[PDB]
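A lone chain, given as structure tokens: the form deposited in one PDB entry.
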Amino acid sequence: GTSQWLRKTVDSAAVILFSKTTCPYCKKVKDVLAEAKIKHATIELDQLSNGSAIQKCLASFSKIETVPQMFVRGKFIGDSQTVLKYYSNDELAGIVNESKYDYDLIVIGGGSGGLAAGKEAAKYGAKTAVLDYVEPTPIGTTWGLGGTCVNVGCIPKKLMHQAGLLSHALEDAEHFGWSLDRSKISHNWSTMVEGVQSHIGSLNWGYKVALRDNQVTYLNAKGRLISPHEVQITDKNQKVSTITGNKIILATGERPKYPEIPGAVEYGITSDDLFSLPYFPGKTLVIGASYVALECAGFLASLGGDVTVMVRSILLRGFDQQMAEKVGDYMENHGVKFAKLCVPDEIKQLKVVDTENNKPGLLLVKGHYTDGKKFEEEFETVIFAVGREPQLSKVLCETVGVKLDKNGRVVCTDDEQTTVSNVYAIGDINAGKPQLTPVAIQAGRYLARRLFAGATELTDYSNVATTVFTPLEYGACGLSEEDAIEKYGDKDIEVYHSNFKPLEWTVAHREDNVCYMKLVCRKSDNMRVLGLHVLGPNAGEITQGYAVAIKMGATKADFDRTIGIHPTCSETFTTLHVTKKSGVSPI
């Protein structure tokens, strides 16, 4: 399918040069395009095994089999003499800008995936527009360019986690000889939020600058795809217009869910509001048991808050439940309270938020446990963290023919194509994929290369590592133990595990058998590592490197033959020997 790849590549690339590495006439064209600041893809036919067949197949477009050959939006433009003559006639600029559509690419959504896709496409000469609009929360919260992670997700959340971890650092410093008295040190919410928000603002501004500098058109407008190639945009003045694009990337992400109960929208908040909140939440109820819920509860408690988590059923559904239980046990032993088997029925307002002060209001939460008994307690802040959902019917006229699943997410092939041939979807709205910022970035960058640089590489969505930034962090890569046993049977699963104590916790008088790690392995496949799990400090740094080895098919023997780095937490993965089957305690 060499000819098939060539046709697809020529038809979708915006500006593409077919070249050879050792070709003085190709260098002449490259240098001209560089001086003219015309961005383009380049295919060096000498570095392709099928380069000779591609060179001959080009004649079916251009009539010639020589290099260089320049194409614009599927049209052969010329050889070296022709391109250079156009340039000398000041005609090349017009030719490279000729298009049926306003843009080669319209990205709807300026978050993790969309920005990554748009920037990468422009690198290859695609005339690109990135649309971003932030629908305000119920209380009016909005923010700048960059998406969920940047503004109300990974970035602020990990920063506030770090604020929380520094609590323990202050306690520990005494034991290591520093003269501070932790009991006399307090935390100021407003100071922290100001610092977090100043960094977010530098990211908002940096994205706008980068797009300008990369010749990407940024529109702060809500986009609606009204036909395969037409995007209706509404700007902040409510002015409505239509732009057209050849390729469309949907990258609109999700927003928090609210339960359908009285008072939820009016009196509660979500993570969208928390990270810029202009008052300390105070006594807080977090409703939900997702990683978002536990991460937020964890740092609120470490910053001195009185924190309760209301749990409908289990913690961290979809994660290894042994690990989820250890995560919650640690939180409960460090000052987080849990209302178990419990759901809210209504939020009543007892005091309105005092805008002229850094004070929360006061709320009455009524709920009930699964056995029917009543929950009733006052809180100053109620945070809903019960999941996130796409928002697409506000972005997709059903007329267009982009298929959604029962959850409202876009149904895509393994190259991110929707059911409309020129429309693609990336990030959290792509059904069935891990909903993680680096996934969206990789999917968007790799898709842009396929569209505009003739690349073929797909995103690999398997064994994507995670880290939950709870007070004691939880990193994982691969299968949970229970999923492994379900798939292969208990007799084919061997689990090696161990507690451990960070050296840093020894002089600090922290707990000896709370950190924990395990390898879930498949006996019949040479003890293949199906899943790695670690509860401990710096769990994301620990886990990341092993995700490469698991991607490569690491076995238990691969871990064993590797030598540890001492003293680290991570080295314990290289000497695991206690199996769950053996019954020997992991302590």
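For every residue, the number given is its place in the sequence shown, counted from 1. For clarity, a rigid core is taken as the largest C-alpha set superposing within 1.5 Å between two forms.
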With B-factors read from the PDB entry, the higher C-alpha mean of 178 to 186 and 324 to 332 is in 178 to 186
For the higher mean C-alpha B factor in the entry, choose 88 to 96 or 380 to 388. 88 to 96
Among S393, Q162, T191, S462 - the residue whose C-alpha B-factor is largest in the record: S393
For the C-alpha B-factor as written in the entry, point me to the maximum among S19, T579, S570, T575. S19
Using the B-factors in the PDB entry, rank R561's C-alpha atom against the chain and give the third, lowest, middle or highest. middle
Relative C-alpha B-factor of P537, binned into the chain's lowest, middle or highest third: lowest
So, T242's CA B-factor, relative to its chain, sits in which third? The highest
Chain-wide C-alpha B factor ranking for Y101, given as lowest, middle or highest third: highest
Among modelled residues of the same chain, the CA temperature factor third for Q47: highest
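The same protein has a further form, the form deposited in another entry, not shown here; the description that follows concerns it.
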Of the candidates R212, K257, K359, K394, the only Cα that travels 2 Å or more between the shown form and the other one, given a rigid-core fit: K394
Between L404 and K394, do the C-alpha atoms lie closer or farther in that other deposited form than in the shown form, with a difference of 3 angstroms or more? closer
